[PDB]
């Protein structure tokens, strides 16, 4: 049973579209495919759905890019739908606009900048190799449970100086953050609230212990960056460390599954990567263009007209980042991975002040994964008649990816 809200007076009927971000029409055929259905050749750049509490959806790449770049007009004070979940959401600095956002992003960048990330390459590689060598000779694996949900999680927990045995409870919190349970805005609000509380509970003692700490881990490094010449307050720290865990554990995991499904169905593309190692390295960004997973929102700051549509202060606009990288108006044949594509522009990492702090880590993880995978499992296919199971929400997910190959 679908929960509908009535449209507010300023939304005209001709812009209404019944789109459910948490269970997209056509989702069974794929998350990206399902979002692509929304983007028909004549659909308005902004449409409004009565589902998920009622909100706008930007349907074209340049709107998504522009909105992300314009925090003075589109605020991060709510970035989740439904509104109830967005209001309960308590992560730092994603809830902040500049200038409040700025010193916290600086602190994060101390830990996640490209030069710091580069130092991590061999640890990441070691982790990838160990996992791959566990099944490489077997000739088959369930990629989701045996790799994609394992590799990035071990990478991040090691980097964060946390026990790997916490992976399960943290993954469960992550699920209810990005894909909250419930068939009602209030239910989803409550699911998110409880998940966000679980993160704060887990994170509090770690913060207490590592303040002024000597540890070399990501959390200690970032925690002890001063904010305006003072220790980071408790309220902000809780939201900050929770966000690190959330990004580190429930992004790359999902990205990898979508990517691998595609690769397993395009052996020519895999062959190219194999034969030209530089095509692989330089081609990773094209993968990020093609396999966006995040759909989040911004809060309309003032009554305005935007791309010919009237918006009211407080309106939420969902930004399905897949609709930038896959916009046929930005990229010819957007659904094909072309490793040589010169223009790979996308909003997979969003834009503006909040542009993904973890993007260097994400790029390295994927680059290393592909290098060590192809070295040991050069050819592979999706099992005959296998059907991956897809989930849509603030972050997309996919499971059931049985791969098969002839051991080399």
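Positions refer to the first chain, counted from 1.
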| property | result |
| --- | --- |
| Higher-scoring stretch by recorded Cα B factor average, 54 to 62 or 379 to 387 | 379 to 387 |
| Entry-level comparison of average CA B-factors, 223 to 231 and 115 to 123, reporting the higher stretch | 223 to 231 |
| From 95, 307, 289, 105, residue of greatest CA B-factor | 95 |
| Selection by C-alpha B-factor (highest) of 80, 74, 135, 262 | 135 |
| Relative C-alpha B-factor of residue 172, binned into the chain's lowest, middle or highest third | lowest |
| Chain thirds of CA B-factor: placement of residue 274 | highest |
| Third assignment of residue 159 from its chain's C-alpha B-factors | middle |
| Assigned third (lowest, middle, highest) for the C-alpha B factor of residue 188 | middle |
| Lowest, middle or highest third - CA B-factor, residue 143 | highest |
